[PDB]
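Novice: Output the structure for:
(chains A, B, C, D, E, F, G and H, ligands or ions: 3)
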Amino acid sequence: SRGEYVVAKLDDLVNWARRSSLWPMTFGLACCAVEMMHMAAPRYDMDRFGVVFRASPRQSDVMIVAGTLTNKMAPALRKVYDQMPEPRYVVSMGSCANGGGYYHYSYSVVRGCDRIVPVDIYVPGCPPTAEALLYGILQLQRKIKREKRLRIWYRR
Amino acid sequence: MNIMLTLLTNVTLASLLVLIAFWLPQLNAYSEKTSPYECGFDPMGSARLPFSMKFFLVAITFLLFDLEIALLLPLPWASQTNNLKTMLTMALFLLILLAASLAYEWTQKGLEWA
Amino acid sequence: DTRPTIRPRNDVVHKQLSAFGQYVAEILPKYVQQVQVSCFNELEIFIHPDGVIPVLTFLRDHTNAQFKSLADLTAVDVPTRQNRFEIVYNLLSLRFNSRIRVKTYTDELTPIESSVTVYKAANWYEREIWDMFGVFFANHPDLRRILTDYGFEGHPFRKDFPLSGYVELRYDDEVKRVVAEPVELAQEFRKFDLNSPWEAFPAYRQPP
Amino acid sequence: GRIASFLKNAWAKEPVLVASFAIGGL
Amino acid sequence: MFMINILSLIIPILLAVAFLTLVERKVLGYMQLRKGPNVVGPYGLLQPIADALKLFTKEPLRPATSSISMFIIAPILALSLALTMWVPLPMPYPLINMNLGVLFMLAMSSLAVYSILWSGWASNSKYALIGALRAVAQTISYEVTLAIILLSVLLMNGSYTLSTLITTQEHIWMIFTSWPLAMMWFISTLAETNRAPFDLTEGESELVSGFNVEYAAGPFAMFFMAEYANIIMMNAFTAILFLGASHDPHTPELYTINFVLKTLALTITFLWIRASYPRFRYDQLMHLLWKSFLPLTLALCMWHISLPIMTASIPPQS
Amino acid sequence: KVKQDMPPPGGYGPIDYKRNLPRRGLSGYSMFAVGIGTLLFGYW
Amino acid sequence: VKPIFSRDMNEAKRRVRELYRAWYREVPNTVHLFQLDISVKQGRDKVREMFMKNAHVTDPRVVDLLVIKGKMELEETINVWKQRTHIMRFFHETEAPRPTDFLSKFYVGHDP
Amino acid sequence: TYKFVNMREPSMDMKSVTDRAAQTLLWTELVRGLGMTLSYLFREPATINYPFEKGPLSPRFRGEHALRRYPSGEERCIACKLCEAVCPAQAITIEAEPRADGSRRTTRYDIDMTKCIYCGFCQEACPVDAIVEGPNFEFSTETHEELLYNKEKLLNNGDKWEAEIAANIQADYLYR
Ligand code: SF4
Ligand code: SF4
Ligand code: SF4
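Specialist: Numbers count the residues shown, from 1 in each chain, chains lettered A, B, ... in the order given. Ligands and ions are numbered 1, 2, ... in the order given. Have a look at this structure:
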């Protein structure tokens, strides 16, 4: 039908804009934040893909949890995530943020940021290489490309 | 009336952008999201508490400096007079007094903060 | 012995450290209980817990002991002693290019005089010792939690504190906040019994 | 003597004011 | 036909702002051994469109502690004034020809400040309040010097009419006559637009996001557009004032092109300065503008008052 | 035979390790003279 | 043994009462500042409950240490170093009620 | 044996004072930095066109783990369990039984990539070159559960990257 075609084309336009102008917040916790800086380094240049590191959570689209998420830090991470205006995405970088990593059996480490915020992409490594994080972000762009938000609305 | 038309068009365009911004996207609001931002932690005090100005004297003197700038604006037309001697003397007098006020504020440590 | 595998031993520094340990013991016999020099040229002075401030102030101000830098301040938990907590002071003397160690003891209740007046670095070190072990430092300008969570209960670096703790955090959708719950592990920390049944070093054999 | 020392010191520490007074004086 | 002229002065300016975002990103990248947006569209030409669509499809949040009325009025004032300060610009013919267009520009800039003030105040956040107070301090520091330099350089124009600037510079750029005033005016314009070494109202590395920290989606896009439109407009003002261009009355395109190129060069220098220097401390900004510029601006005002009289070169009134 | 990763015989070349911020521009007198000359030409 | 702050239980009890007054007068501010969804009585009852847990203690050194930890907890609450999550951790809500009856324990699991 | 940064008095010659005043007024060092970054503008950027261009790597790279097999086709893993014992993150879980042939073959070989620290201690402890951190580093998943690798996942990984893993071993085994 003509209705589905317009909605599908509109959905592609909306998805293309969101996935090609991802704005991660400047949020780094540990060793993995250093490799995150190397993704913004000239060699890999995350800004080349439109991925620009905004500072305030209210002006961001992705939260890249890069580092160990301690118990003392967990409430701060959740509130900063909640203050992100939707649509917002979470990318877990490093084994520390995935399932606790080296400090899984620690009295003051949350066993993965998944227990605090919903995660869209898990980037494995300790630390994941700057390409591995870039691969995860480019994988997130593909995941957003497969978002039929308006197309489902037309069929609700 | 053309300037009024331009102002109206600009204001309407800006307000239309605001309207589209606040009514196009899908809105999902809850208490935590709309809470004030304090770098991930809850703020201690209210943001409407007094905020001391360490440059208050600078502002109060900027008032009089803006006054002097208002006095100096008619100068381009003042050069078209036949009494160029008196006009020049008065303009230099105003500028000298402005410089003297600035110097007095500077030497008496008025431009310094705190 | 000799040859590349072994580590060379310097007798000169050993003699100097032993002499300085005797010097310190002579000057401060009221608090010094024992003096040792390890084979790798590290001097340790053992001090009665009441001698923290006097001995440290001597080692900081004395012309023949200018340990003006507090290298480290830690505690060792040995739960097999009456005074399980062993407080260790690491000092550095830039004037004589040497280091010294001061060791005291304390219980879970008896406080220790705070060496902030001696070294201003001891502030956060004593805060960390309190947070991790539970040792209280009297006359401390600001003693509170430094490393653990704000509502944390227990002192983790104690030998009897479990590795995984007692509580864990997660986000609950009902209460819209991070909530603490008793720790449950998807996989238990597999404890390994690694000690060999055969004596490795005959030189440290304890009497039967 | 004293004038030369003052002017050299003035243009070494606060050269901005030296130019302004010279331009204003002219 | 006048409405068509209004649209042909607003929509192209918004497109220029949108693509100036991309130009800034790419210039910063290539000055940082990087490549600007290069994936979205050919050579990144589609990045601004993606950014705009994302922002206007992003959920805007209304802070619980915020005063809604001011919080919404501030962005509108910022954009409306940013679009209005282009009305009197002579390129080569001004849309609205005022005898005192210069004072109109000054007044419009003075009002635009309240956008940052109210946005900061109404945001009801500590960082936003700090940003608003920093904007206040910034406008305290540059306004007097800005007005004095502008008056001094217009003393050779004969009036505050902007169109006359083209005639005054018919044989020579006015920068060859007031280059110290040109330098001070350039720095004052940098400080005014909350730009390079003077990005204190926003303070990304010190205030997270400054006054606009609580703004998201559409309103944030409006503040960004207003900021960059003010950048381009102030660079255009610098071009017409000092870097005069030839105007053949029968071929206005010649001026338009020369003007555009000069404005583009000045904007590129703005980005160049943004990627070359560390940020001031606003105490140091106020001290500089009050103790190194202001005395010199007063001295040069005296000089440019006395010069036409002492050289019998007073410009015509009409 | 042993084939470790070793420096070339005679060692590597000289490595610069000191600051070399060069001297550029004209003297203050010349810059001031150029500026004043431009001002005078503009005035005329 | 050398005391910490008090030499008698009466002296130690004095500090406990002083801490309770500080805690009791802080609860209205804690609910107001933290925007808690509880009543002032609930917080004040919770303070009483936590004090009553350490009611069997007889050693004055332990009493002083408990008050020292009590003041530290109060300072975090006054300075808003704690958050709403930390304050509401005393009110265990997500934790399911664990019955203390033998037959109830027998039905649930191998818990001794 | 030591050097004084700063600690350099300025000459007060009239020529030197004039040069310093010119620097202050005409912003010479600011223009110098502007020229520096302008020169950096005309350089060739160091960006690589990922994913079409990939950054340099070495045969010693520690990436996704994989269980290798003998040329015969049989698993090299003989369930000695010291790769599990050396793992500092306790990510490896191993259970073994006497297989139908009677050989030492694992029944469970589970490694959670969400707990591993990519140290390599496992590949260095294995006496038969069975567990080997391969060259793959781009295996990000959309869910946490996919990172808890089974024995089947590792075996499959080994069969996929064998050609490259072997080549890397051949290139590097002389240093080990
Ligand atoms: S995953 Fe490894 S490198 Fe990354 S933060 Fe954790 S310990 Fe550090
Ligand atoms: S992978 Fe290697 S080290 Fe690990 S159990 Fe198998 S044979 Fe032993
Ligand atoms: S790489 Fe290290 S942490 Fe990971 S499985 Fe091997 S030994 Fe364990």
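Novice: Count the neighbours of residue 5 for me.
Specialist: Unless you meant another one, I'm taking chain A. Neighbour count for residue A:5, taken as other C-beta atoms under 10 Å in any protein chain shown: 9. Quick note: C-beta positions are derived from backbone N, CA and C, even for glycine.
Novice: Can you look at chain D instead?
Specialist: Residue D:5: 9 surrounding residues under other C-beta under 10 Å.
Novice: all strands of chain H, in order?
Specialist: Counting by DSSP state E, one finds strands in chain H at the ranges H:65-67, H:92-98, H:104-112, H:131-133, H:148-149.
Novice: Quick one: these as JSON lines, columns for mean neighbour count and distance to ligand 2 too.
Specialist: Listed next are the strands of chain H as JSON lines, based on neighbours: other C-beta atoms under 10 Å in any protein chain shown; distance: least, C-beta to the nearest ligand atom, whole Å:
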{"stretch": "strand H:65-67", "mean neighbour count": "25", "distance to ligand 2": "7"}
{"stretch": "strand H:92-98", "mean neighbour count": "15", "distance to ligand 2": "6"}
{"stretch": "strand H:104-112", "mean neighbour count": "19", "distance to ligand 2": "6"}
{"stretch": "strand H:131-133", "mean neighbour count": "25", "distance to ligand 2": "4"}
{"stretch": "strand H:148-149", "mean neighbour count": "21", "distance to ligand 2": "13"}
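Novice: quick one: which of the ones you listed is nearest residue F:16?
Specialist: strand H:131-133 (38.7 Å; C-beta to C-beta).
Novice: now for the closest one, which elements pack on it?
Specialist: strand H:65-67, helix H:121-125, helix H:151-172 (3 or more C-beta pairs under 8 Å, 6 or more residues apart in numbering or on different chains; DSSP states H and E).
Novice: okay, those, which one's buried deepest?
Specialist: strand H:65-67 (a mean of 25; mean count of other C-beta atoms under 10 Å in any protein chain shown).
Novice: What helices and strands are in contact with it?
Specialist: Using 3+ C-beta pairs under 8 Å, 6+ apart, strand H:65-67 is in contact with strand H:131-133, helix H:151-172.
Novice: what's the burial count for the closest residue to residue E:298 other than its chain neighbours?
Specialist: Excluding its sequence neighbours, the residue lying closest to residue E:298 (C-beta to C-beta, 6 or more residues apart in numbering or on different chains) is residue B:99, at 5.2 Å. Look at residue B:99: counted by other C-beta under 10 Å, it has 19 neighbours.
Novice: Run a quick neighbour tally on the residue of chain C found nearest chain B.
Specialist: Residue nearest to chain B within chain C (C-beta to the nearest C-beta): residue C:176, separated by 6.3 Å. Neighbour count of residue C:176, defined by other C-beta under 10 Å: 16.
Novice: Same check on residue H:70?
Specialist: The number of residues packed near residue H:70 is 11, by other C-beta under 10 Å.
Novice: residue closest to the middle of chain G?
Specialist: Against the mean C-alpha coordinate of chain G, by C-alpha atoms, centre = their mean, the closest residue is residue G:50 at 3.1 Å.
Novice: nope, chain D is what I was after
Specialist: Centre-nearest of chain D using C-alpha atoms, centre = their mean is residue D:18, 3.5 Å out.
Novice: hmm, stretch E:89-97 in reach of chain B?
Specialist: Yes: using C-beta under 8 Å from any C-beta of the partner chain, stretch E:89-97 reaches chain B at E:95, E:96.
Novice: Quick one: end-to-end distance for that stretch.
Specialist: Distance between the boundary residues of stretch E:89-97 (C-alpha to C-alpha, to the nearest Å) amounts to 9 Å.
Novice: next one: stretch G:83-100
Specialist: Distance across stretch G:83-100, first residue to last, is 31 Å (C-alpha to C-alpha).
Novice: Might one say that residue A:39 is in contact with residue A:132?
Specialist: No: using C-beta atoms under 8 Å, residue A:39 is not in contact with residue A:132, being 9.4 Å away.
Novice: more neighbours, the two?
Specialist: Neighbours were counted for residue A:39 and for residue A:132 using other C-beta under 10 Å; residue A:39 has more, 28 against 23.
Novice: Leaving out the residues flanking it, which one is nearest to residue D:11?
Specialist: Per C-beta to C-beta, 6+ apart, closest to residue D:11 is residue D:18, 4.7 Å.
Novice: host element of the one you found?
Specialist: In this assignment (DSSP states H and E), residue D:18 forms part of helix D:15-25.
Novice: so what secondary structure elements neighbour that helix?
Specialist: Under the contact rule (3+ C-beta pairs under 8 Å, 6+ apart), helix D:15-25 is packed against helix D:2-13, helix E:294-311, helix H:14-26.
Novice: before we move on, the earlier item: any chance of JSON lines for the strands of chain H, columns distance to residue C:47?
Specialist: Output for the strands of chain H, formatted as JSON lines (distance: least, C-beta to C-beta, whole Å):
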{"stretch": "strand H:65-67", "distance to residue C:47": "51"}
{"stretch": "strand H:92-98", "distance to residue C:47": "46"}
{"stretch": "strand H:104-112", "distance to residue C:47": "48"}
{"stretch": "strand H:131-133", "distance to residue C:47": "50"}
{"stretch": "strand H:148-149", "distance to residue C:47": "52"}
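Novice: now the helices and strands packed on helix D:15-25 in a markdown table, with distance to ligand 1?
Specialist: Listed next are the helices and strands packed on helix D:15-25 as a markdown table, based on distance: least, C-beta to the nearest ligand atom, whole Å:
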| stretch | distance to ligand 1 |
| --- | --- |
| helix D:2-13 | 51 |
| helix E:294-311 | 51 |
| helix H:14-26 | 46 |
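Novice: Can you say which of those helices is nearest to residue G:32?
Specialist: Among the helices and strands packed on helix D:15-25, helix E:294-311 comes nearest to residue G:32, with 48.3 Å by C-beta to C-beta.
Novice: neighbours of the closest residue to residue G:50 other than its chain neighbours, just the number please.
Specialist: Excluding the flanking residues, the one nearest residue G:50 by C-beta to C-beta, 6+ apart is residue G:90, at 6.8 Å. Per other C-beta under 10 Å, the neighbour tally for residue G:90 reads 14.
Novice: For chain A, see how far away the closest residue to residue B:6 other than its chain neighbours is.
Specialist: Excluding the flanking residues, the one nearest residue B:6 by C-beta to C-beta, 6+ apart is residue E:87, at 5.2 Å. For residue E:87, the distance to chain A (C-beta to the nearest C-beta, to the nearest Å) stands at 30 Å.
Novice: check contacts around the residue in chain A that chain H sits nearest to.
Specialist: Going by C-beta to the nearest C-beta, chain H is nearest to residue A:99 of chain A, at 3.2 Å. Counting by C-beta atoms under 8 Å, 6 or more residues apart in numbering or on different chains, residue A:99 touches A:111, A:112, A:114, H:112, H:114, H:115, H:144, H:147.
Novice: Much appreciated, bye for now.
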